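Okay, so here's the structure we're looking at.
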Amino acid sequence: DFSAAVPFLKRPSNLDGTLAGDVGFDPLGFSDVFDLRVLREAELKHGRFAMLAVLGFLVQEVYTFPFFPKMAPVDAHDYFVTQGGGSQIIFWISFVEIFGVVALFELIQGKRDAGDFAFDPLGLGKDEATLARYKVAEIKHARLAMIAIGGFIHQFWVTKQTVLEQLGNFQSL
Amino acid sequence: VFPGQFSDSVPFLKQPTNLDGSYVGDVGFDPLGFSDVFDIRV
Amino acid sequence: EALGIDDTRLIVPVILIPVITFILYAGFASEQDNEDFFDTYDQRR
Amino acid sequence: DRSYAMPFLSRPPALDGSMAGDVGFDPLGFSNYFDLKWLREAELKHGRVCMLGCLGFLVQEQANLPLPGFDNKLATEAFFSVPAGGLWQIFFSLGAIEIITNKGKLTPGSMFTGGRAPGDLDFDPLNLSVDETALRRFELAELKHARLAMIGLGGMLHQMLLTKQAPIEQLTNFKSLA
Amino acid sequence: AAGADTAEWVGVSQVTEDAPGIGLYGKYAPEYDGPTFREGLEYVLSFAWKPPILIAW
Amino acid sequence: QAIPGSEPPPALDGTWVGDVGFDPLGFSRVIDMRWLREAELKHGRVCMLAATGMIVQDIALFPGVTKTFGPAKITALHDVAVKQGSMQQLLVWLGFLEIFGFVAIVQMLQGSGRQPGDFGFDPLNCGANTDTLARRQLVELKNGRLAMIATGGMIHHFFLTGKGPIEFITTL
Amino acid sequence: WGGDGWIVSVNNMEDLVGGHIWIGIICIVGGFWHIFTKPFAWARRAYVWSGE
Amino acid sequence: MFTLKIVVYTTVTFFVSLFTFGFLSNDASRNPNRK
Amino acid sequence: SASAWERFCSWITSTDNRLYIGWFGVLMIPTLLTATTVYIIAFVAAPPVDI
Ligand SMILES: CC1=C(C#C/C(C)=C/C=C/C(C)=C/C=C/C=C(C)/C=C/C=C(\C)C#CC2=C(C)C[C@@H](O)CC2(C)C)C(C)(C)C[C@H](O)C1
Ligand SMILES: CC1=C(C#C/C(C)=C/C=C/C(C)=C/C=C/C=C(C)/C=C/C=C(C)/C=C/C2=C(C)CCCC2(C)C)C(C)(C)C[C@H](O)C1
Ligand SMILES: CC1=CCCC(C)(C)[C@H]1/C=C/C(C)=C/C=C/C(C)=C/C=C/C=C(C)/C=C/C=C(C)/C=C/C1=C(C)CCCC1(C)C
């Protein structure tokens, strides 16, 4: 049984296909050694951080709060290192992921699904077919935004201009 | 207005438990229930 | 200068440490019988 | 068997739901390694101290006793403005209260050996909570107020330490940090 | 003499029983029969010197 | 029946004035019904009197009150009258009445027999008979809700424009 | 120690007389206290109850 | 010099407290003729 | 079974210690060790004193 995505590679033995986005893509085979649930937790959390970061880059480029100074998103990082807002942000992220550690321990013990914090306040996903479709869409968007946030940061690093600014005048060098 | 037994002075409050009416000046006016906590004689 | 105390921060340990030792001693004493006896000393512990 | 407060976590084994204020919120599992009576006693004592502390934070700035050294609306500086001898008299009086109300049982290994509910210091001069359901409702209200007052006392104390301004005065004269 | 011990002096509250946080009994005081205080302190210390973090990987 | 998609809470099962099954958030699940209905009638009556008084204040004032309070209405009127002591007197006497209201609520919740909002204040025996009493209950509740929304409208209109009720609706 | 002297350094008769008033009050109050009380449990555990 | 003073005060108070509450802990019973 | 303070008192007043500590030893051991330490170091290397 070869992989659905990679036709010349065998399907990994731990990737049965029940997970969302499980197309069989694992050339290096990290799922053969490390736990698949923990890997999906890390993937989903990386993707959620990246999606929020991409939306934040777009919004920060298009609109900054009037009581904050106007500047690019990437070099604001040192400004909030000095000012103290970034310390607050990482403080609250650490506070949430202190309980995230307990959730990860319960994931290790097998009493929790991977990436399932049961956070559905608006009740968007309740039907099982819609829930599976939303899982697939969420993982695809997570991967796309994980690529996109690094794209944005590196393009700003090489071109010294933001995203929509670069889409304005496409300077090639 | 609604049916039910209430105090003679205040018509929306019931007659207090320890204000039976034997003592003079008793129109059944004890909203906070001081007679329920302490003795009526004192 | 009472008890040689010139800074009010010195009073914190002088009062605090006996409180903790008294808490331990009070656990010990609450474990006891604590009724009167007629003898030179109490043999119950 | 998920907890109500943490839907993604399992319910703690010692938090069945019989104790008041229980929504299964013990993520770190303190109830698995500590006496829940001791934990509830500590929670209630902290909460009552903080309720009276928030009341004092709100009252001292608007009204103070007409005594020398007693004119300081900033309570953190009022701790150092009031003479320390009276503060230690307060400390020893509250210590005597602690001795009397616990029957001399102060350690975790002796406080509940005689038989006593956590937080039950025999204080209900209005003879309330004779009704069991009213007792449960009052316990939930007391616990919610205890937690809210702990958080509020922490916040007001930190704001007074940083901005050097008393409460509500800080609300009317809101100066954002530099 | 009074005591407020008559069978009408009861507490009142707007909260129904179905609201979360209400216990089953008034004053439960559970029997512990668990790990000692020293073991609890060792558990709080193990929060620091062996958190369940790198056991995931 | 208010919202066809959803369902009323089990506390909303008729036998109450104004029960059209409208409670989507579920306040009656965690709050007692008597307290909720007492609060609804209290807010409704307060807003009824407030809206009528605001209309009267923007129409015609008392003799000699403009000499002291000046041309101040609504919020400026409140800010001057707290210093004058009118609002202090209102607070003292209305809290004094609310003491008896509080023990009425307590006796209702412990089972004296009174209904929410029933203070026994019926001079002239108006609307004390037959179905007229129930019709007056429904009218009082609906007009209290309407006056609540109208009072909010008046307060926010003075917040936005700085004008009273009868002059904002004529000087758009 | 030197320069302080504990209670040896009483240098005026006002302090002497006032503290003797204090000693008399304290002694009388404690005397009535001991006439009307019996030693507490900590004192009963602490001391040896014999003439010697 | 104040830090050393408070350390010394803490140490002296700690040891004197141990002494005081140890001799209060039914010291007369701690003899081989008890019971 | 006993309280922590009771076990501490049993260890302090223990006859099984190689050197008996006791409650008087609680005051004695640190005082004598402090005096011994200061005496040794001040006897070895201490600057002259204006007696
Ligand atoms: C038990 C008992 C009885 C009793 C009793 C008694 C004495 C009951 C007393 C109860 C009390 C005093 C409760 C007080 C609670 C205070 C709280 C929750 C404060 C929260 C602060 C907050 C939210 C805040 C804040 C803020 C922060 C942090 C930042 C600021 O910038 C803003 C702000 C200010 C908003 C009686 C006598 C009846 C008898 C009965 O038989 C037995
Ligand atoms: C350090 C630093 C910062 C920083 C920072 C940060 C956050 C830097 C983050 C950098 C990131 C996230 C880079 C990500 C790169 C992702 C790549 C190249 C994926 C390629 C995927 C491919 C090619 C897929 C290929 C494919 C595969 C395999 C599957 C399908 C086929 C195909 C599509 C071809 C700041 C900004 C905070 C400032 C601070 O002062 C300094
Ligand atoms: C101010 C001044 C100027 C000149 C004249 C004047 C009289 C006025 C003078 C003094 C006035 C006044 C108020 C003097 C007061 C003196 C006082 C309070 C003396 C009290 C001393 C207390 C002493 C020893 C305590 C001894 C007890 C001890 C160790 C412990 C006993 C026990 C316990 C409790 C712990 C364990 C060990 C043991 C033995 C079981």
Side-chain angles (χ1 to χ4, degrees), chain A residues 5-6 23 25-28 46 49-50 53-54 57 72-81 86 143-154 156-157, chain B residues 37, chain C residues 25, chain D residues 47-59 119 121-130 138 141-142 144-160 163 165-171 174, chain E residues 4 11, chain G residues 5-27 30 42-43 45-48, chain H residues 16-28, chain I residues 23-24:
Chain A
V6 190
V23 76
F25 168 75
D26 194 5
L28 302 187
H46 278 102
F49 266 100
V54 167
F57 269 11
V74 175
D75 55 354
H77 163 269
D78 297 329
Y79 174 78
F80 291 111
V81 163
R143 295 157 173 172
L144 187 51
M146 271 187 290
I147 303 172
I149 186 59
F152 291 168
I153 295 182
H154 292 74
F156 182 84
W157 271 340
Chain B
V37 180
Chain C
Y25 164 76
Chain D
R48 294 159 182 174
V49 166
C50 286
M51 280 183 276
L52 293 186
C54 295
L55 189 54
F57 276 173
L58 293 188
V59 164
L121 302 181
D122 277 0
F123 175 71
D124 46 354
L126 297 177
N127 214 332
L128 288 173
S129 75
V130 176
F138 288 159
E142 186 187 24
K144 289 193 176 185
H145 288 78
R147 302 154 183 177
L148 181 55
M150 283 183 271
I151 296 172
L153 195 146
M156 284 189 293
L157 198 141
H158 286 64
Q159 292 167 203
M160 290 165 46
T163 70
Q165 299 179 258
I168 72 176
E169 169 194 358
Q170 183 182 3
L171 298 182
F174 205 95
Chain G
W6 189 39
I7 54 184
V8 187
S9 59
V10 51
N11 50 344
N12 63 90
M13 285 307 182
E14 286 77 22
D15 299 355
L16 198 143
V17 178
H20 276 101
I21 295 179
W22 269 99
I23 285 303
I25 292 178
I26 285 180
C27 282
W42 59 275
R45 294 188 312 268
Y47 293 97
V48 176
Chain H
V16 169
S17 307
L18 288 186
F19 175 90
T20 302
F21 288 100
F23 268 131
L24 285 170
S25 308
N26 206 340
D27 183 74
Chain I
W23 301 117
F24 271 102

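The figures here come from the full heavy-atom set of this structure, side chains too, leaving out hydrogens, waters and symmetry mates. As the structure lists them, so they are numbered: ligands from 1, and atoms in each ligand from 1. Order of the sequence lines sets the chain letters (A, B, ...), proteins ahead of strands, with each chain counted from 1.
In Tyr47(G), the part holding a heavy atom less than 4.0 Å from any atom of ligand 3 is the side chain. Only side-chain heavy atoms of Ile23(G) come within less than 4.0 Å of ligand 3; its backbone N, CA, C and O stay farther off.
Not a single N or O atom of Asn127(D), backbone or side chain, sits closer than 3.5 Å to an N or O atom of ligand 1. Note: an N/O pair closer than 3.5 Å links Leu126(D) and ligand 1 by distance alone.
Without hydrogens or angle criteria, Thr163(D) side chain to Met160(D) main chain gives no donor-acceptor distance under 3.5 Å.
Remark: atom 13 (C) of ligand 2 lies closer than 4.0 Å to at least one protein heavy atom. Not a single protein heavy atom sits closer than 4.0 Å to atom 26 (C) of ligand 2. For atom 6 (C) of ligand 2, the nearest protein heavy atom is under 4.0 Å away. Atom 10 (C) of ligand 2 is flagged as protein-proximal [any protein heavy atom, distance under 4.0 Å]. There is no protein heavy atom less than 4.0 angstrom from atom 9 (C) of ligand 1. By the definition of a contact as any protein heavy atom under 4.0 Å away, atom 22 (C) of ligand 2 is not in contact.
Remark: ligand 2 atoms within the under-4.0 Å shell around heavy atoms of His154(A) are 10 (C), 11 (C), 13 (C). Of all atoms in ligand 1, numbered sequentially from 1 with element shown, those under 4.0 Å from a heavy atom of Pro125(D) are 39 (C), 40 (C), 41 (O), 42 (C).
When only non-hydrogen protein atoms are considered, atom 41 (C) of ligand 2 lies nearest to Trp157(A) CZ2, 4.2 Å. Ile147(A) CG2, 4.6 Å is the protein heavy atom nearest to atom 20 (C) of ligand 2. Protein heavy atom at the shortest distance from atom 4 (C) of ligand 3 is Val10(G) CG1, 3.8 Å.
Ranked by closest heavy atom to atom 27 (C) of ligand 1, the top entry among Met156(D), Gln165(D), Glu142(D) is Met156(D). Nearest-heavy-atom check against atom 29 (C) of ligand 2 across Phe25(A), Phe152(A), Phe156(A) picks out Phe25(A). Relative to atom 40 (C) of ligand 3, the option among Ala28(H), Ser25(H), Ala46(G) with the closest non-hydrogen atom is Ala46(G). For the residues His158(D), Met160(D), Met51(D), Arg48(D), the heavy atom positioned nearest atom 13 (C) of ligand 1 is part of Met51(D). Taking all heavy atoms of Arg143(A), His46(A), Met146(A), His77(A) into account, the minimum distance to atom 39 (C) of ligand 2 is reached by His77(A).
When all heavy atoms are compared, the tightest approach of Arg48(D) to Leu121(D) is NH1-CD1, 4.2 Å.
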